[PDB]
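Take a look at the structure below.
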Amino acid sequence: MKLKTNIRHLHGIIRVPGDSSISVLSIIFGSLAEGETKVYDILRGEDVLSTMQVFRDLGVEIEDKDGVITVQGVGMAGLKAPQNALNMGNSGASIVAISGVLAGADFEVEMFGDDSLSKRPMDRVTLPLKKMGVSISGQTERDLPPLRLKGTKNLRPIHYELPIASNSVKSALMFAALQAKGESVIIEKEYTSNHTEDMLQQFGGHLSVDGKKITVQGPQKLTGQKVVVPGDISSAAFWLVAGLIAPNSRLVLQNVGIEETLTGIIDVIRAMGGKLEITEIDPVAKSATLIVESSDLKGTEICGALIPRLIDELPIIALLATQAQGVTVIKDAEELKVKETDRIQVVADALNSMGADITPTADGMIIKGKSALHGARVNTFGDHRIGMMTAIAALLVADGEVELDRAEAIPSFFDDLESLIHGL
Ligand code: NA
Ligand code: NA
Ligand code: NA
Ligand code: NA
Ligand code: NA
Ligand code: NA
Ligand code: NA
Ligand code: NA
Ligand code: NA
Ligand code: NA
Ligand code: NA
């Protein structure tokens, strides 16, 4: 597919979608809890929709009306035997998680998905789940979907250390541990997200964390909550950059979460000369409206130390630095892992193919700035961030075309970008 090019203005309101994993966690916890759960600002993901539908299939009443999800919890042992095979679409996140949720379900269950999903190994979750006494098994020893599962009323606690870092596996094992009789210890390899830990506690459950050591006593009961899903971090960062680098631009970005990643991106922006106003702060919700305008940017130091999720935002932040006059050094304080070093390379390659001046380094990248961008062909390679980066990069292209073939990347993104192209 080609990409919209050479726009002369950008105006409108974008409302940051909710975080996906908190969205998903809220449906899960909402079903397993007692009492009614309400979720506000949920992400309209296909992953959220599939997860809600999985739970409806296990007998949970879930209402989607006027922007609000209302879940009537069925208790920690209240999942019922489905009358159909469970559809998880292309979310591998979902299969892993629900597998742990269904550790204690005393009935047979099938979980399938699409052609992409059916190529992703599940043995990373089936191995520890089996130790607990769950029957779960996929295609080949790798356990490719479809998965066949039977949990048990005699779930044994888990003592396991992950060989690979994985928030998905950590979550499934926690959900299972919540249903097991006794003390589970789960030890992660690397520090991954705390979403499940946080939400489990918000839903009234107890754990103990000691570094990478997670201890969970089962069985537990949870209580229905009102959940306000915070704005996605990556999406908020994405639009901020767009509204700063696009010509004749003003974006009102609602529902931005006030947490450290945006906080540190905000400071970097200001340091660079960005025009950004913070408004409508909601101190209880920890959200704000951000207003950005077209800015004359100047290079700066970007210490990944000062921005947690930085690696996620590398594509959109490199585009940013590409547009600032002078040198931007992005140096990460901690060593890069293979996939991080790879992400830098792919970003540098694509933007340099469009006229940027990016030098990958052992610790990040050097960017030499205000690059008049030009046409190019670049494939996403699955990474939507890299794609949407290229989309905004495309708007800045004076002449030439921008081919971006594997732009399976899906959601309402283009309608929005069109919306902003004709506002004033
Ligand atoms: Na909602
Ligand atoms: Na209820
Ligand atoms: Na249970
Ligand atoms: Na399939
Ligand atoms: Na509930
Ligand atoms: Na947030
Ligand atoms: Na945020
Ligand atoms: Na700030
Ligand atoms: Na600031
Ligand atoms: Na490299
Ligand atoms: Na325009």
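Values below: every heavy atom of this structure, side chains too, minus hydrogens, waters and symmetry copies. In this chain, residues are counted from 1 in sequence order. As the structure lists them, so they are numbered: ligands from 1, and atoms in each ligand from 1.
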Within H9, is some N, O or S atom less than 3.0 Å away from the Na ion (ligand 11)? yes
Confirm or rule out an N/O/S atom of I421, from backbone or side chain, lying less than 3.0 Å from the Na ion (ligand 11).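 Within the cut-off used here (under 3.0 Å), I421 does place an N, O or S atom near the Na ion (ligand 11).
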Using side chain to side chain contact (heavy atoms under 4.5 Å, CB included) as the criterion, point out the one residue from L310, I366, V268, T300 that pairs with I330.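 Between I330 and the candidates, side chain to side chain contact (heavy atoms under 4.5 Å, CB included) is satisfied uniquely by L310.
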For salt bridge (charged side-chain N to carboxylate O under 4.0 Å, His left out), just list the numbers for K275 and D296, CA-CA rounded to whole Å, side-chain angles, deciding distance to a tenth of an Å, and then say yes or no. CA-CA 9 Å; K275 293 169 65 170; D296 288 319; over 6 Å; no
Greater than 12 external heavy atoms within 6.0 Å of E61's CD: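 No, not enclosed.
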Within rounding of 10°, what is the angle whose vertex is the Na ion (ligand 1) and whose arms end at O of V39 and O of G67? 110°
Is it true that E340 and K337 make a salt bridge, defined as a side-chain N closer than 4.0 Å to a carboxylate O?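 Yes, this pair counts.
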Within less than 3.0 Å of the Na ion (ligand 10), any N, O or S from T341?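 Coordinating: no.
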